[PDB]
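Two forms, one chain: they're shown below as structure tokens, one block per form, named structure 1 and structure 2.
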Structure 1
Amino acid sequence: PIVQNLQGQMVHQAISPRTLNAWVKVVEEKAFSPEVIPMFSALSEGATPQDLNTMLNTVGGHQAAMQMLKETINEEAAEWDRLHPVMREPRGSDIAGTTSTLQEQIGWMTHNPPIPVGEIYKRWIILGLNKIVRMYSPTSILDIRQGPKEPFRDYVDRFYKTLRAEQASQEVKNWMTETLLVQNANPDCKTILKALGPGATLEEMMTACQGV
């Protein structure tokens, strides 16, 4: 993070060892389940590009995913260089924190019109983590179907946990929650849900189908 020193100048605060241990535990245990993106944004809230790189580089496992992340960051950095022909003006590799010093990063982040290289880079990281979260999804929403004995609440949990990983825009997810959620319910359950009509909320669907 960045903290102002008592001497009246902008200074780095090192990302806490407790925060790094929390992030490493998150990635190693949850294995790019979609709640990894909000944990990244939460743990990384004030991060410089050096702090962001520290979070990525300390992940030990999943080096296939962490490579997909690096090469996503490289194409985002390339598009930045294309959009911004040449404090310095930061190149994409400066925002990615590879060709810039910590003092340049703080210089940009605290400039009079701030150039928020920590936020820009955290966007490119979250774009890469999105791609990874989609790829690590073990199944796709059209293949989520309710078992003949399965509680509708457990099927709904599976459906929406899969729908978090799915790529499509909110208009398509709206269509999925309207149509697929009913269509993939089991034969007894689906009758209950159809009897509600198309406007049923998820609360109405679950409470109507509770204990079917």
Structure 2
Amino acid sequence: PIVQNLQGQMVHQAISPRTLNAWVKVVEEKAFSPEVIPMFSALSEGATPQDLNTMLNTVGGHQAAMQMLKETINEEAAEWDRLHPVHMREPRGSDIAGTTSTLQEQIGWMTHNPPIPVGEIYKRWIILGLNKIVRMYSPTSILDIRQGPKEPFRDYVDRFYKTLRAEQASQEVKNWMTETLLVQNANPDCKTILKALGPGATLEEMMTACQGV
């Protein structure tokens, strides 16, 4: 992170040891279940690119996942260099990625007016790679999720949304999936309740109708 020093000038604060341990727990124990993206996004709040690379040094070891992450970062760095050609110096994609930039360059950019938020930029490329990894480690297609013959509708909704949260689908597809597939893949008793609501039903109406089904 970045902290105002005793002289009032902004200075680096290293990402604290037990924060990195909380990220190591998230990488090692949750096996890229979709909550890894929220927890990465949270633990890296205000992280400089040096801090973000300090976190990715423990995605290393998951060498298949790390490869997908590195190539996604490189792909986005090239796309940055394409969208923003050459005119502190303005950061190139490798400067955003914290490989070629100095720490003082990173903090300078993040503390500029207007800010050049290279940390919270690079964090988007990393989150996009983590989305690819969460897809790879997903156990099921959304089309495989069906309600158990005695499964509570809440628990099926959780299985469904947890899977949907991993999918590649655009929001327009996720809307269609929510309405059609959540109804379609319910068990026949609960499906009968859901069908009676008609196509415009909110998830609130669906679940409140199916309490104790």
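Between two forms, the rigid core is defined as the largest C-alpha subset superposing within 1.5 Å. Along the sequence of structure 1, residues get numbers from 1 upward.
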task: For the rigid parts turning against each other between structures 1 and 2, mark which of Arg164, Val156, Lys131, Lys70 is sitting at the hinge.
output: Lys131
Rigid-part reorientation between structures 1 and 2, C-alpha based, degrees: 12
query: Where the core is superposed, what shift in Å does the CA of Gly8 undergo between structures 1 and 2?
result: 1.7
query: Supposing the core is put in the same place in both forms, how far has the CA of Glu29 shifted between structures 1 and 2, in Å?
result: 0.5
Distance the CA of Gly147 travels between structures 1 and 2 [rigid core superposed, Å]: 4.1
